[PDB]
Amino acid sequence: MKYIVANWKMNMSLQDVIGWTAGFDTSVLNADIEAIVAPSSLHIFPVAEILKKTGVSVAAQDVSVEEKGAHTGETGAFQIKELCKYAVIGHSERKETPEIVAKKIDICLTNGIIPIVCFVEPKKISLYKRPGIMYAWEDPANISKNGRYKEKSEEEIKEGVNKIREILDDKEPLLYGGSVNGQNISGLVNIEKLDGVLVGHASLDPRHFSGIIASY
């Protein structure tokens, strides 16, 4: 099973989101693919409604630490679960401490969300590691900037995955993120112990994103 996550961050208008879902070629989906789209919080419902029964899954981009109740401005796990299978947790842009990320992981699991936990390098994994989660290795030094890609080499990613697999030695799902695009996806597809990619900038183009899925 391979996972391809679109992290739209805060780049999209409502019209952007509607047009993307129209321009997205669902024929690239197959039984061995799990395509996941992560819209901004107020676009989750229209995305889930449009993509219902396509096979595409929805993710939140973050989850509140708080339980259901009087927390103005907080979007809870119990709400996100109703519309989303996954949640991206601990993205480097949010600069959250490990204690906060661990609380978010815990409330995801308590509510039946599969958290996709971002981490900057292999030695950060053990702070989060627990059953039932997905892992996304994304180095902030390799996140794209203004649409220009800052990718790692195949060799660094291969060595990092091998290194990660010494901790994640039970086939835990592992993704890679950082300037993933059509120019480098083939090299990532070929990494045996890698289970997919977390895609930022390139996922804003639905034809680019479907082409990345098609490379698997």
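Quick note: we count residues from 1 along the sequence shown, nothing fancier.
Chemist: Per the record, averaged over C-alpha atoms, which has the higher B-factor: 206-214 or 3-11?
Modeler: Looking at the record's C-alpha B-factors, the answer is 206-214.
Chemist: Looking at the deposited entry, does 153-161 or 36-44 carry the larger mean Cα B-factor?
Modeler: It is 153-161.
Chemist: Highest Cα B-factor in the deposition, which of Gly177, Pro173, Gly187, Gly69?
Modeler: Of the options given, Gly187 has the highest CA B-factor in the PDB entry.
Chemist: Highest recorded C-alpha temperature factor, please, choosing from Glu82, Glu99, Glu93, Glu138.
Modeler: Max CA B-factor in the entry, restricted to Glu82, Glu99, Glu93, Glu138: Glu99.
Chemist: Where does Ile191 sit by CA temperature factor within its chain: lowest, middle or highest third?
Modeler: Tercile = highest for this residue's CA B-factor.
Chemist: Should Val28 be placed in the lowest, middle or highest third of its chain by the C-alpha B factor in the entry?
Modeler: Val28: CA B-factor falls in the middle third of its chain.
Chemist: In terms of the CA temperature factor given in the entry, to which third of its chain does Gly73 belong: lowest, middle or highest?
Modeler: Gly73: CA B-factor falls in the lowest third of its chain.
Chemist: Pull the Cα B-factor of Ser144 out of the PDB entry and bin it into the chain's lowest, middle or highest third.
Modeler: It belongs to the lowest third of the chain when residues are ordered by C-alpha B-factor.
Chemist: Ordered by C-alpha B-factor within the chain, which third holds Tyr128? Give me lowest, middle or highest, please.
Modeler: Highest third - that is where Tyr128 ends up once the chain's C-alpha B-factors are sorted.
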